[PDB]
Amino acid sequence: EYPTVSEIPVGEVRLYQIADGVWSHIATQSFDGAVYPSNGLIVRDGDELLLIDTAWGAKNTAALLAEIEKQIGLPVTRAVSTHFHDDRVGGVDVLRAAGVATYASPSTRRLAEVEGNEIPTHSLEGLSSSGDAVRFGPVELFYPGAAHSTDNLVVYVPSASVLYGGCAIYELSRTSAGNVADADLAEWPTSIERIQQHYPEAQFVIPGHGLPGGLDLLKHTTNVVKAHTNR
Ligand SMILES: [Zn+2]
Ligand SMILES: [Zn+2]
Numbered sequence: 032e033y034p035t036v037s038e039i040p041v042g043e044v045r046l047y048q049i050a051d052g053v054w055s056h057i058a059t060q061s062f063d064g065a066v067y068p069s070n071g072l073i074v075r076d077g078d079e080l081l082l083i084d085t086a087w088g089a090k091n092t093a094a095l096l097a098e099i100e101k102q103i104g105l106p107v108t109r110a111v112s113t114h115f116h117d118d119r120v121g122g123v124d125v126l127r128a129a130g131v132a133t134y135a136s137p138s139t140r141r142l143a144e145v146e147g148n149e150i151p152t153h154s155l156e157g158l159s160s161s162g163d164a165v166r167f168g169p170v171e172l173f174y175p176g177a178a179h180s181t182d183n184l185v186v187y188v189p190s191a192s193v194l195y196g197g198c199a200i201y202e203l204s205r206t207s208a209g210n211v212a213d214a215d216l217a218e219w220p221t222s223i224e225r226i227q228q229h230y231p232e233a234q235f236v237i238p239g240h241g242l243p244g245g246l247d248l249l250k251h252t253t254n255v256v257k258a259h260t261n262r
């Protein structure tokens with residue numbers, strides 16, 4: 032039922048309905064000869080849509096917009112990128128050209144610039160300190176603290192009890208650390224516990240990469256990160 036790499040041709044995107052007015056988007060990218068899936072989120076905002084994260088590249092992100100307009104048929108008016116990596120900002124230029132207002136925290140925008148990645152236009156205030164939350168249309172944005180990256184945000188949809196962890200949260204099948212080049216291993220379990228404290232009622236938890244689950248994914252991620260810490 033949830034799509035994997037084997038169900039997604041190169042440069043295509045799939046939409047998966049999680050709950051009423053809430054979808055994930057799933058795309059793939061090839062890295063060093065292996066193929067990785069990646070998730071974002073789409074949340075209905077009345078008669079418009081809010082996008083969370085690009086689909087990891089210009090071509091994928093163009094495909095995403097085409098699939099949204101085919102399947103849902105409401106305008107994507109705003110996009111939020113949850114950290115500075117290319118799976119989150121890669122395609123911001125496509126979105127911007129298409130008339131989508133692109134947003135990220137000032138932390139994310141600065142780190143994207145340093146990496147020479149695409150840079151969302153707008154800055155999101157009110158997310159600079161661990162435990163900070165702001166409402167953005169139909170979602171709450173939450174800065175849990177440094178984890179996968181120092182700027183990583185999580186997104187909650189209160190209407191549907193959907194928690195989107197992005198790349199701060201690992202799927203259950205992931206048994207060893209992923210890309211930790213930009214991580215704060217020391218703080219990552221603390222940051223996960225802020226998430227648990229703030230969204231204990233979450234019914235659906237979506238990782239940045241791989242299969243949705245429940246709140247078990249939070250402790251799962253903590254285990255993996257602590258094991259890596261002790262490598
Ligand atoms: Zn990342
Ligand atoms: Zn990622």
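For the sequence shown, PDB author numbering gives the first residue as 32, with consecutive numbering after it. Every residue gets a Cβ at the ideal spot worked out from N, C-alpha and C, and that includes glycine.
Worksheet item: Where DSSP assigns a beta bridge to residue 188, which residues make up the other side?
Response: Beta-bridge pairing links residue 188 to 193.
Worksheet item: Considering only C-alpha positions, which residue in the set 86, 82, 73, 77 is nearest to residue 61?
Response: For residue 61, the closest C-alpha among the options 86, 82, 73, 77 is that of 86.
Worksheet item: From what residue to what residue does the alpha helix (DSSP H) around residue 149 run?
Response: Here residue 149 belongs to no alpha helix (DSSP H), and DSSP marks it neither H nor E.
Worksheet item: Given that a residue counts as buried once 16 or more other Cβ atoms are within 10 Å of its Cβ, and exposed if not, what is residue 107?
Response: Under this definition residue 107 is a buried residue.
Item to complete: May I have the straight-line CA-CA distance separating residue 74 from residue 188, to the nearest angstrom?
Response: Rounded to the nearest angstrom, the gap between the Cα atoms of residue 74 and residue 188 is 8 Å.
Worksheet item: Hey, would you say residue 35 sits closer than 8 Å to residue 68, going by beta carbons?
Response: Going by beta carbons, residue 35 and residue 68 fall inside the 8 Å limit.
Item to complete: Confirm the yes/no value for this check: CB of residue 70, any heavy atom of ligand 1, distance under 7 Å.
Response: Distances taken from the Cβ of residue 70 to the heavy atoms of ligand 1 include none shorter than 7 Å.
Worksheet item: In three-state terms, what does DSSP make of residue 252?
Response: For residue 252, the three-state secondary structure derived from DSSP is helix.
Item to complete: Would you list, in sequence order, the uninterrupted beta strand (DSSP E) runs of no fewer than 3 residues that lie entirely inside the segment 71 to 142?
Response: The qualifying runs are 79 to 83, 107 to 111, 132 to 135.
Worksheet item: DSSP state of residue 231, grouped into three classes?
Response: If DSSP states are grouped into helix, strand and coil, residue 231 belongs with coil.
Fill in: Span separating the alpha-carbon of residue 70 from that of residue 43
Approximately 13 Å, taken between the alpha carbons.
Worksheet item: Sorry if obvious, but does the Cβ on residue 215 come closer than 7 Å to a heavy atom of ligand 1?
Response: No, the beta carbon of residue 215 sits no closer than 7 Å to any heavy atom of ligand 1.
Item to complete: Decide yes or no for the touch test of the segment 140 to 150 against the segment 191 to 199: beta carbon pairs closer than 8 Å, at least 3 of them.
Response: No, because fewer than three Cβ pairs between the segment 140 to 150 and the segment 191 to 199 fall closer than 8 Å, the two stretches do not touch.
Practice prompt. Taking residue 135 as the reference, give the member of 224, 53, 152, 202 with the closest Cα.
Written response: Looking only at 224, 53, 152, 202, the smallest Cα-Cα distance to residue 135 is reached by 152.
Worksheet item: Beta carbon of residue 162, beta carbon of residue 221: below 8 Å?
Response: No, these two residues do not count as a Cβ contact at 8 Å.
Practice prompt. To the nearest angstrom, report how far apart residue 99 and residue 45 are at their CA atoms.
Written response: When rounded, the distance between both Cα atoms is 9 Å.
Worksheet item: Distance, Cα to Cα, residue 102 vs residue 139?
Response: If I take the Cα positions, the gap works out to 30 Å.
Item to complete: Using only alpha-carbon positions, find the residue among 192, 122, 169, 227 that is nearest to residue 79.
Response: Here the closest residue by C-alpha is 169.
Worksheet item: Do residue 13 and residue 115 have their C-beta atoms within less than 8 Å of each other?
Response: Residue 13 cannot be examined here, being either before or after the span of the chain that is shown, 32 to 262.
Item to complete: Could you check the C-alpha separation between residue 158 and residue 214 for me, to the nearest Å?
Response: Distance between the alpha carbons of residue 158 and residue 214: 18 Å.
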